[PDB]
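S.K.: What would the 3D arrangement of this be:
(chains A, B, C, D, E, F, G, H and I, ligands or ions: 3)
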Amino acid sequence: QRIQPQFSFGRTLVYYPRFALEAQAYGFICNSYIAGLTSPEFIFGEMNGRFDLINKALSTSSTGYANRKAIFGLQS
Amino acid sequence: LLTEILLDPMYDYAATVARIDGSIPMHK
Amino acid sequence: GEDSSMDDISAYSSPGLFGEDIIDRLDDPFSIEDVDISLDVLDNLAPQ
Amino acid sequence: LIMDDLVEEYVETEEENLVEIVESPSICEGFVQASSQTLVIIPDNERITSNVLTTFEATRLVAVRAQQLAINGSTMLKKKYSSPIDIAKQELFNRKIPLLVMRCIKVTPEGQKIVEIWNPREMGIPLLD
Amino acid sequence: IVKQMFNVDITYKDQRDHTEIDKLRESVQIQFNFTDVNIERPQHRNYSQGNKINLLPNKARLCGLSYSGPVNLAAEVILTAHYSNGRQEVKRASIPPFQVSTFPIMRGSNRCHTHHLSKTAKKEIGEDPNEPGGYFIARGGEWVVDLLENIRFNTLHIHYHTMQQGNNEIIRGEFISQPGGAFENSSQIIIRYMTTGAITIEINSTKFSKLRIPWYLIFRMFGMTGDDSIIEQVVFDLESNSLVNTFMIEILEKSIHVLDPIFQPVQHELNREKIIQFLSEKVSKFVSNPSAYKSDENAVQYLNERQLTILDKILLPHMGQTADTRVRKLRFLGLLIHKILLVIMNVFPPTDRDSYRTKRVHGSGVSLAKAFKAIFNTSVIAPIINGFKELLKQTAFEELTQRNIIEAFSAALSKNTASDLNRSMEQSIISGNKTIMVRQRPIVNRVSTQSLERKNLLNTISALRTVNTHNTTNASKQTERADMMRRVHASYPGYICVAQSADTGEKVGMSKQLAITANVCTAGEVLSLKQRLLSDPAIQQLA
Amino acid sequence: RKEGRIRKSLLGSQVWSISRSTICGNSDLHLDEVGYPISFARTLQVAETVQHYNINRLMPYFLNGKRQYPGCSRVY
Amino acid sequence: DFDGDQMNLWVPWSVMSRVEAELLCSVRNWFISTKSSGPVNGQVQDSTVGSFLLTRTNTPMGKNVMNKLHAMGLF
Amino acid sequence: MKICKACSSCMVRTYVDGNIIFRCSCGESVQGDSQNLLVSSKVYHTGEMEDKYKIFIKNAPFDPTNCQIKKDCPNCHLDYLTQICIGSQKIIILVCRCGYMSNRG
Amino acid sequence: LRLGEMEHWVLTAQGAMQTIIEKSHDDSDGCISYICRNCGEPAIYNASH
Ligand SMILES: [Mg+2]
Ligand SMILES: [Zn+2]
Ligand SMILES: [Zn+2]
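M.R.: Residues are numbered from 1 along each chain as shown, chains lettered A, B, ... in the order given. Ligands and ions are numbered 1, 2, ... in the order given. Find the structure here:
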């Protein structure tokens, strides 16, 4: 799903108006990396960038509990 | 007593300005 | 009322989070408790 | 005096749902000693286990022979070698290893250990290479 | 903190009966206050008998010393002797400004010897000419007090009970109220909406702890015992029907008629005095006999007056700390209940736990203020308290002279302690741990600490610009919470660096960095703006 | 717990004769080969028993000692 | 990968362990993945594109050929 | 909600037996006729888009951060209007600082 | 330097032993224990004395 309006009621960022209908307000990045993202495009990209960093850290710990439980159930 | 003063930083400052003036030998 | 001699020293530390009083039994989803990896080689978990 | 570095606390929250008069004799109960077993060797024509050594069994044979060549020095290799590992490996490949593979399949409650004794010199040898 | 907040009024009841006046007397009121306190620049005894020559930071770092400035205190002690038949003998003593403590001094602050020294002097004194400072030198290591990210005070935080454990509760609203500037002690009130229909108000402060009161009981403690007035205070109007007022009115009725097990005797009571007595009995310590004291009218009066003073100082102190502000406190509490019940309607969503509008960053001054008030209490007041108790044990009360009083006051702060304010402040600086035991009590240290790893000046500056939320006891359980508080929030841009974060492990998103132009404000002149607002013709006051 | 007797001391162990270092690429090594620095090779040792078939081979190791590589400093 | 990873290395000294290590735990047995039943190893990065460049038909210069000296140098 | 005329206290309902008779803790009773028989009610998809956003709609033309569109206001003929989106129904409301409200909201 | 639970699991998956014996006993706290075989309790044995 697109970027949720978390800044305020109906706002995704301070750079966009409340209940903005442009796709850019909800994460649609128009530029490419070689062109250079703008300030709000970078913020939306960082929200996705951090959200991938969080998933990695969860992945190591979440699978660790499952791996140890699975090993002991099956090792014998 | 000396170990309390020799490690005191203002003694190094006082020493280094005496060396500049030449009041004390450059080495120790 | 105006005494502070046996003031409860816990209330001196003002609350930092919201639900500090709630004991929660779900384990932390970021702990390395069940992952037997050494502390020095924690760089092996780093991304790239 | 701020101590800090508390020893925490530990909590276990689960349940283990593990689903003629009598008095105290000392011989009817007890007996921590287990009854001595008798070895029943399955006849060579009734053996149903593989006639090819597993990589585990071949590795165990080579390791045991190499250790015994490290303590002893006697072998049947015409081609001499400088390492006990090589001597044991070639002894296995040339089918002159002085070891037997006992495969145990039973523990009968009557105190009966049923095994199949397999000769590595007559068995197939895995890859190991 | 030392003058306004550290006032002592403690009464002891001896059993010493070695003289006729000793038998006639079983009471003593110890009362004292400080009006003098100043931290001066660090000093060092060069040869254990010198005149405390100046201690420079490099001397502290090299020799493992602590770069701490001595604390000079002066106190006025009032000793009152209480006898039977109403007699009252008072002994007053004034203590010269004495010093047994040192407070750690942040390098670069106005009490640091390198505060205004020239860059060349810093160069030849052994210091970094270009570094800004902002760290502490304690036991051979440099420590940085980080920016502890704290929720906003005087703000109603409403969150649904989405913990999936102990779900006998529905939405909860907490309100930490601070009487004024950063250093005033805050009292936290918690409003809980329950499955049974009750609305319980719990106040957590010095004098109160984990005690849950029905809302109408707190309301009618201050008069206004009529249910009509309470419902009008919450819903603001009983005469405009609406759909929202109907729901709030019906659920407040349900809460009013709910029988709680603990406050049964005073639940139905319309007598203000009886409720005040019941709460004073339940919440005040040192009263073990619930029936013996009741037969004495003056004991009842003392308990009632003390409880009323406590409730004046503890319930919404930012609303006021005087009895004449109690009705407006009731109005504010009704407003809070109205906001919580509005949020229940799904009319408003819960407070964003990660939005930075409802978050504050407390650094060095505030965190050290809280740690210092706790440590000063434990390591100064209690020594003095026990010393004076033993002094009364040793010597007849009118027989105490002026010199003996000062001997017991100063000596009690000396023996077996001799540094413990400095040592405990150092321990708080070094640890920064979110669980410490002081005098065997599991409290939390709100001082965000970090060892000064001088990998480069960029590392040092980034460390001194770091915002930590610093998970406390009852940390993040396995839920969406551990993920959301690590995500880049939509309020971050411009204040919190959207990019800077740990890229590995538990610390991903846990430690935040100030943006390049972001700054942390100090407390402003609240009095001037409040006076201007009150003098504004466009604003109609509560009255 | 993880630091307890069972999970730390029974299900795992601290071992001797083990080395740890950063890894790096060497395109001139076979897939079944690892590049071991000589400092670590002289630290870790291999226990070879002395028999008739290997006494000639182990003599250069014994004669070198700590002075030259390949060598040895321990004899049982 | 080589971004700072550290890996343990211990050399067996016991004859039983040494016999075991080369016969049973050698990496040749882990070439085929137990998990997926397919190969684990192969060409990565520098050689996956290197194998394509070596085996492609036409280079931007022309036909992808080399004289004897450079064909020998490949070996 | 029934309040005691003398005690100013909330009165229980006490449906006994064929009628509704309110009772206070002071023992007073006031009974109830006709319009007191509504015990409980629930209306679905109601209480939304009227009472939740009335203040927000009223203040929207004055909010700098609200999105605006190029559309003529019928009343004051301003070239721009304030565009408002509320609810899971995504109801679009155009409001103006002159009080024009698009009759929706 | 530690051979934790996961290293033991991997060696067990490889069916190793011997290497597990070597590392966990010979290159670790490997001792030799005496049991009475009659009462099952640890017993005292010494060859020198
Ligand atoms: Mg790596
Ligand atoms: Zn009544
Ligand atoms: Zn208009």
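S.K.: Kindly check the end-to-end length of stretch E:205-216 for me.
M.R.: One end of stretch E:205-216 to the other measures 20 Å (Cα to Cα, to the nearest Å).
S.K.: Next, please give the residue ranges for the helices of chain B.
M.R.: Ranges of helices in chain B, per DSSP state H, are B:2-6, B:9-21.
S.K.: any chance you could map the strands in chain G?
M.R.: Ranges of strands within chain G are G:6-9, based on DSSP state E.
S.K.: Smallest gap between it and chain B, at which residue?
M.R.: Residue nearest to chain B within chain G: residue G:4 (38.9 Å; Cβ to the nearest Cβ). Any C-beta I mention is one placed from the backbone N, CA and C, and that applies to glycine too.
S.K.: Any residue of stretch F:5-18 touching chain I?
M.R.: Yes. Contact of stretch F:5-18 with chain I (Cβ under 8 Å from any Cβ of the partner chain) involves F:7, F:11, F:12, F:13, F:14, F:15, F:16, F:17, F:18.
S.K.: So for the residue nearest to the spatial centre of chain B, what's the nearest residue that isn't a sequence neighbour?
M.R.: Centroid-nearest residue in chain B: residue B:15, 2.3 Å away (criterion: Cα atoms, centre = their mean). Leaving aside its sequence neighbours, residue B:15 sits nearest to residue B:24 (Cβ to Cβ, 6 or more residues apart in numbering or on different chains; 6.8 Å).
S.K.: ditto for residue F:65
M.R.: For residue F:65, ignoring the flanking residues on the chain, the nearest one in space by Cβ to Cβ, 6+ apart is residue F:71 at 5.2 Å.
S.K.: count of neighbours near the one you found?
M.R.: Neighbourhood size, residue F:71 [other Cβ atoms under 10 Å in any protein chain shown]: 15.
S.K.: now, of the helices of chain B, which is deepest in the fold?
M.R.: Ranked by mean neighbour count, the helices of chain B are led by helix B:9-21 with a mean of 13 (mean count of other Cβ atoms under 10 Å in any protein chain shown).
S.K.: Could you check how far the residue nearest to residue F:65 is from residue G:11?
M.R.: Distance, residue F:71 to residue G:11, by Cβ to Cβ, to the nearest Å: 15 Å.
S.K.: which residues sit in contact with residue G:13?
M.R.: Applying Cβ atoms under 8 Å, 6 or more residues apart in numbering or on different chains, we find residue G:13 in contact with F:17, F:45, F:46, F:47, I:22.
S.K.: redo that, cut-off 10 Å
M.R.: When contacts are counted by Cβ atoms under 10 Å, 6 or more residues apart in numbering or on different chains, residue G:13 touches F:17, F:44, F:45, F:46, F:47, F:48, I:22, I:26, I:27.
S.K.: From the residues you listed, pick the one nearest residue E:308.
M.R.: Distance to residue E:308 across the contacts of residue G:13 (Cβ to Cβ) is lowest for residue I:27, with 73.7 Å.
S.K.: and the closest residue to residue E:414 other than its chain neighbours, what are its phi and psi?
M.R.: Of all residues not flanking residue E:414 in the chain, residue E:100 sits nearest, at 5.7 Å (Cβ to Cβ, 6+ apart). As for residue E:100, its main-chain torsions (degrees, to the nearest 10) stand at phi -140, psi 90.
S.K.: what residues are up against residue E:100?
M.R.: Counting by Cβ under 10 Å, 6+ apart, residue E:100 touches E:70-73, E:380, E:383, E:410-414, E:417-422.
S.K.: so how far is residue C:5 from it?
M.R.: Noted for residue E:100: a distance of 18 Å to residue C:5, by Cβ to Cβ.
S.K.: wait, residue E:471 sits on residue E:433?
M.R.: No. In this structure residue E:471 lies outside contact range of residue E:433 using Cβ atoms under 10 Å: 11.2 Å.
S.K.: about what we covered before: next, format the residues of stretch F:5-18 next to chain I as JSON lines and append neighbour count and distance to residue E:9.
M.R.: JSON lines is the format used below for the residues of stretch F:5-18 next to chain I (neighbours: other Cβ atoms under 10 Å in any protein chain shown; distance: Cβ to Cβ, whole Å):
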{"residue": "F:7", "neighbour count": "17", "distance to residue E:9": "54"}
{"residue": "F:11", "neighbour count": "16", "distance to residue E:9": "59"}
{"residue": "F:12", "neighbour count": "20", "distance to residue E:9": "59"}
{"residue": "F:13", "neighbour count": "20", "distance to residue E:9": "62"}
{"residue": "F:14", "neighbour count": "16", "distance to residue E:9": "59"}
{"residue": "F:15", "neighbour count": "20", "distance to residue E:9": "65"}
{"residue": "F:16", "neighbour count": "11", "distance to residue E:9": "66"}
{"residue": "F:17", "neighbour count": "18", "distance to residue E:9": "70"}
{"residue": "F:18", "neighbour count": "16", "distance to residue E:9": "66"}
